[PDB]
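Worksheet: the structure to be examined is printed underneath.
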Amino acid sequence: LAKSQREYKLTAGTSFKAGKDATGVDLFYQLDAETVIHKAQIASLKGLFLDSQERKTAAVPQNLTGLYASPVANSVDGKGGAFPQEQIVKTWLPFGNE
Amino acid sequence: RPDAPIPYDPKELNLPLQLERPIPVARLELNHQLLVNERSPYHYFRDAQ
Amino acid sequence: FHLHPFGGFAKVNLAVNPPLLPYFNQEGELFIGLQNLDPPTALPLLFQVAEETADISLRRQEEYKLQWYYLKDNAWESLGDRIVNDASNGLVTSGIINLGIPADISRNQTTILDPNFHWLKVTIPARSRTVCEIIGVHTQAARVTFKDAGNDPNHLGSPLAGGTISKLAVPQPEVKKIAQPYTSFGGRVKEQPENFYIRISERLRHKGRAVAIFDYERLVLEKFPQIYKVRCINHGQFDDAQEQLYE
Amino acid sequence: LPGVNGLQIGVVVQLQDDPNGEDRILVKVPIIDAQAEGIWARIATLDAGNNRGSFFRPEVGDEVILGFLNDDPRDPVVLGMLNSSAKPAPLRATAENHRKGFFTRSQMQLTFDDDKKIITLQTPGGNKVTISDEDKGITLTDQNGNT
Amino acid sequence: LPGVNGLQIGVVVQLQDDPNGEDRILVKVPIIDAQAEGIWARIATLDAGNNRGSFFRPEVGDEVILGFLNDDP
Amino acid sequence: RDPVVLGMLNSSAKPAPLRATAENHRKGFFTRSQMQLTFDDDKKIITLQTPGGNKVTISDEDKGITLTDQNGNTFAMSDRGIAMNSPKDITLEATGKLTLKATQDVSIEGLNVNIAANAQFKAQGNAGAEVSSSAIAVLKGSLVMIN
Amino acid sequence: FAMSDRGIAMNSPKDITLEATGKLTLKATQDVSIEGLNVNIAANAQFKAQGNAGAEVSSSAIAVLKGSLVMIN
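Next comes the structure, spelled out in structure tokens:
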């Protein structure tokens, strides 16, 4: 949204332009349901992992062996490393590892 | 000093401890390099009050 | 004071016999911190997922659903009964989860995390390897569908490239930007005579029933176009727990 | 749309609350309608950029000069303010023309004197900073008598 | 009166002694008559108001740009 | 074939340095690197700022002049007089004579005090002169004359 | 006149003066050093100097202690 707005409402059936086709005709997409837009954004992501001896048997942690933390979860190393620029798919682990 | 504090790690940020005036402080933390009977120290203290 | 991960802390009152250390009991946790929230409200969140990276050993059991919480001045509260729709099916496919955010979320006396944000939390008790990997998490998301107005019959044969849609058909000044970060999904073209002949000649032989190697293979390749090759194994069983095949 | 010739006179009505965040000003034209509040116009200035430029804004009632893009009445542009006998200039013009500078609403001044080569900053309370070639030095004067 | 198109070039002749206290300047236009002294014109500036504004004045001989209200010479 | 530039423009894609208000108290010049020369008509303040923290302020609310450095050095003239503060050092040098004078008491303090003259040294009280120490007190010379 | 990361410095080829109608105070958390060709200290009333770990007065030439009445210890 624009800086002077607080909310905005889009109604079902609103149209969007998708360029031209292989024959030179225009393409269009429509909105499926009513939506409302505001100013909320995601600011940070963090992750925590609790290791145990019960992992190999797929049960609840009972005999603990470590607690690991990733303060910047959306990165290569979990703490702010950058992705190689030539990588097509850039994925990360949601909780981390040991 | 709560208005001129020292960070735990000079390479990272932490939240200043909330005191009404300067006091001396001691920190007790668990040792992460130890493993006793293949278990962590936390395994022994999670359930202590 | 309790000393918490990521640099937070908490005050302690000995009259109530608190725990000595902060308490943790679950195998996986993800914390999500948000900016410029105005509760109560509704948050659609888009989870883009890498669908090939999960564990196929066994299906996630019911005792290990995902759990959702929100923060209220160092106390966590459940969100289980305010989720309208989760199109990601528990973080196995890409989709939008629709959360309703109540008015008693708080940020005045938070000390265990950054006090400048509002905080949500997703946890898993066990078998955290059955959760896929993530590509992005976003707010202000919506889904749209193609509508034909006399276009090429070969449009639906290939996905739409990321970054194509950025404009509104009737533009409005209140909206400042539109973005399409990923490709499209789920299209299929109308049948041409040759594929028609292939389908009907195969049906005239297996009659729509599966009794032999030929029948299992052709009934799959026709219904699911996203498969490239398949093989039918006769009198063979697969053991999920051992990852062993019995001949 | 029927067009407009030349430049026009405008009067300022409102400075704030632009419906769009474009930094425009509400101006009316007395020869079209002196009763309506007018339309939003853009300002051309001495310097402007991304978080950059000279920021001076007129006050309600000030007289300005208007031009129009492509001679379209719906696209006014402000080209500068004007003085008159009803709104006098801060200095009287002379044949020697020795004094220049900036004067503000509250009578604070930043001025240059080309006769004696003096640069001075003044506040109406008496606080003054002077760089002078006649005095061959620097002087800081306070309203309390500190020198 | 026959009108004028576009913008023109002017040359300054006198700064002071406006017959009316309006703070105008005497300017001539070389393509109309380079021998006459010209007419009194108004100045648009960066800031102006009641005893307020930026006060910079050209010198005799300086070149300036001229516009006209309602295309009136 | 004869274009002429008449000024620059701001927009939502190139925001102005300040947001417009109904009171309209602040004016000045802002640059690319965020150096400022500004006027405040509400409190009658003139200020020059550099993003590093170096600041010069002429103020009517403070009734004086203030020079502030990014290192903590501070110089001020106000209704209480003149004050100077430095976290490191203060020096004073002259090729002629350095005079200090007051109409009230003069006070000198420090961890150690060293007075050294290349020629005669002289101290004088007109109603009594005192020299003392909590430890040994020493009077030395080539020839010592008491009274 | 300069303020920089080394502190405050003043230099004059001719003279430096300081006058006040109240009290002039000089203070440091380190040593204070005064130099010159001649040093003259003069008070209209009592004059007093004091070291807390020893006080020394000396000269390479004659050293003089004078008064109407001199009391040693």
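Note that the protein sequences, when read in sequence, are chains A, B, C, D, E, F and G. At position 10 of the first sequence (counting the first as 1) the number is 306 in PDB author numbering, and the numbers step up by one without a gap. At position 33 of the second sequence (counting the first as 1) the number is 526 in PDB author numbering, and the numbers step up by one without a gap. At position 109 of the third sequence (counting the first as 1) the number is 897 in PDB author numbering, and the numbers step up by one without a gap. At position 38 of the fourth sequence (counting the first as 1) the number is 407 in PDB author numbering, and the numbers step up by one without a gap. At position 17 of the fifth sequence (counting the first as 1) the number is 386 in PDB author numbering, and the numbers step up by one without a gap. At position 93 of the sixth sequence (counting the first as 1) the number is 535 in PDB author numbering, and the numbers step up by one without a gap. At position 2 of the seventh sequence (counting the first as 1) the number is 518 in PDB author numbering, and the numbers step up by one without a gap. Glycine is no exception: its CB is placed at the ideal position from the N, C-alpha and C atoms.
For residue i, the nearest candidate out of the options (CA to CA)
i	options	result
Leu948/C	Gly309/A, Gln383/A, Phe324/A	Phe324/A
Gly945/C	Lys964/C, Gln928/C, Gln980/C	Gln980/C
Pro941/C	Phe312/A, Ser300/A, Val321/A, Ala314/A	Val321/A
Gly883/C	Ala1000/C, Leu818/C, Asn873/C, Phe812/C	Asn873/C
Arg302/A	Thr361/A, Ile333/A, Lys352/A, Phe312/A	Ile333/A
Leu553/F	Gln546/G, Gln562/G, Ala579/G	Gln546/G
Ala929/C	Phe1026/C, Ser916/C, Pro903/C, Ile885/C	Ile885/C
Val356/A	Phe812/C, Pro903/C, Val963/C, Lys1011/C	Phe812/C
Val447/D	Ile408/D, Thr463/D, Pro493/D	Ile408/D
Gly430/E	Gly375/E, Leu438/E, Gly372/E, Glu406/E	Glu406/E
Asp483/D	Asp386/D, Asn496/D, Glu503/D	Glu503/D
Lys485/D	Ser501/D, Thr492/D, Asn452/D	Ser501/D
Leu512/B	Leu523/B, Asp540/B, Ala497/B, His536/B	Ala497/B
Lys539/F	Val555/G, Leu542/G, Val586/G, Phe517/G	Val555/G
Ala561/F	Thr533/G, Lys543/G, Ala525/G, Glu551/G	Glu551/G
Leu460/D	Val396/E, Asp392/E, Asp440/E	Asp392/E
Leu509/D	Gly449/F, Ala569/F, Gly506/F	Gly506/F
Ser475/D	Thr492/D, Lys469/D, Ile488/D	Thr492/D
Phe1026/C	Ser845/C, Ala875/C, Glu839/C	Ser845/C
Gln968/C	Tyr857/C, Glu990/C, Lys978/C, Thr927/C	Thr927/C
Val381/E	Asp402/E, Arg411/E, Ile394/E, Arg421/E	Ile394/E
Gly583/F	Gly570/F, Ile488/F, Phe563/F, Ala577/F	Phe563/F
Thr331/A	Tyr304/A, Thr353/A, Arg351/A, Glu350/A	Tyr304/A
Per-residue DSSP class, three states only, for residue i
i	result
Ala930/C	coil
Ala410/D	strand
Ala967/C	coil
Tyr1016/C	coil
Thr508/D	strand
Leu944/C	helix
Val555/G	strand
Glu432/E	strand
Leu360/A	strand
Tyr811/C	coil
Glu839/C	coil
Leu834/C	strand
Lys935/C	strand
Anticipated Cβ contact below 8 Å, residue i with residue j, distance rounded
i	j	result
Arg1006/C	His994/C	6 Å
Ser574/F	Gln566/G	5 Å
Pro913/C	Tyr852/C	5 Å
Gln542/B	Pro903/C	About 28 Å; that fails the 8 Å criterion.
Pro515/B	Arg494/B	5 Å
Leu506/B	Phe797/C	That belief does not hold up - the Cβ atoms of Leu506/B and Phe797/C are roughly 13 Å apart, past 8 Å.
Amino acids of chain D, ordered along the chain, whose beta-carbon sits closer than 8 Å to that of residue i
i	result
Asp440/E	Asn374, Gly375
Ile507/F	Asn496, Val498, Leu509, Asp511
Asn527/F	Under the 8 Å cutoff, chain D gives no residues; its nearest Cβ is about 16 Å from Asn527/F.
Proximal chain C residues relative to residue i, where beta-carbon distance stays under 8 Å
i	result
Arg520/B	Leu791
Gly376/A	What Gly376/A touches in chain C: nothing, since even the nearest Cβ is about 14 Å away.
Contacts that residue i makes with chain D (C-beta to C-beta distance below 7 Å)
i	result
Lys299/A	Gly390
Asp416/E	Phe425, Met450
Where residue i meets chain A, residues with beta-carbon distance less than 7 Å
i	result
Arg915/C	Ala354
Per-residue contacts from residue i into chain E (C-beta, under 8 Å)
i	result
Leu460/D	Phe424
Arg474/D	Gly418, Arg421
Interface partners of residue i on chain A, CB under 8 Å
i	result
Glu921/C	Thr387, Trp388, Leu389, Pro390
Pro961/C	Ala298
Where residue i meets chain B, residues with beta-carbon distance less than 9 Å
i	result
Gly951/C	Residues of chain B passing the Cβ test: none, with the nearest at roughly 36 Å.
Closer than 9 Å at the beta carbon, the chain D residues around residue i
i	result
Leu384/E	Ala462, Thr463, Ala464, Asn466
Proximity test, residue i beta-carbon vs the ligand GDP heavy atom, cut-off 7 Å
i	result
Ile499/B	With respect to the ligand GDP, the structure shown offers nothing to examine, as it has no ligands at all.
Interface residues of chain C facing residue i [CB-CB closer than 7 Å]
i	result
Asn507/B	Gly795
>> Within 8 Å, do at least three Cβ pairs link the stretch 919 to 929 of chain C to the stretch 858 to 873 of chain C?
In response: no
> Using 8 Å as the threshold, is the stretch 1012 to 1023 of chain C in touch with the stretch 414 to 424 of chain D, meaning 3 or more CB pairs across them?
Replying inline: no
> Quick one: any contact between the stretch 343 to 350 of chain A and the stretch 363 to 372 of chain A, if contact means 3 or more CB pairs under 8 Å?
Replying inline: yes
> Do the stretch 951 to 960 of chain C and the stretch 304 to 314 of chain A meet, that is, are 3 or more Cβ pairs less than 8 Å apart?
Replying inline: yes
> Does the count of Cβ pairs from the stretch 464 to 479 of chain D and the stretch 434 to 453 of chain D closer than 8 Å reach three?
Replying inline: no
> If you pair each beta-carbon of the stretch 809 to 824 of chain C with each one of the stretch 895 to 909 of chain C, do three or more pairs fall below 8 Å?
Replying inline: yes
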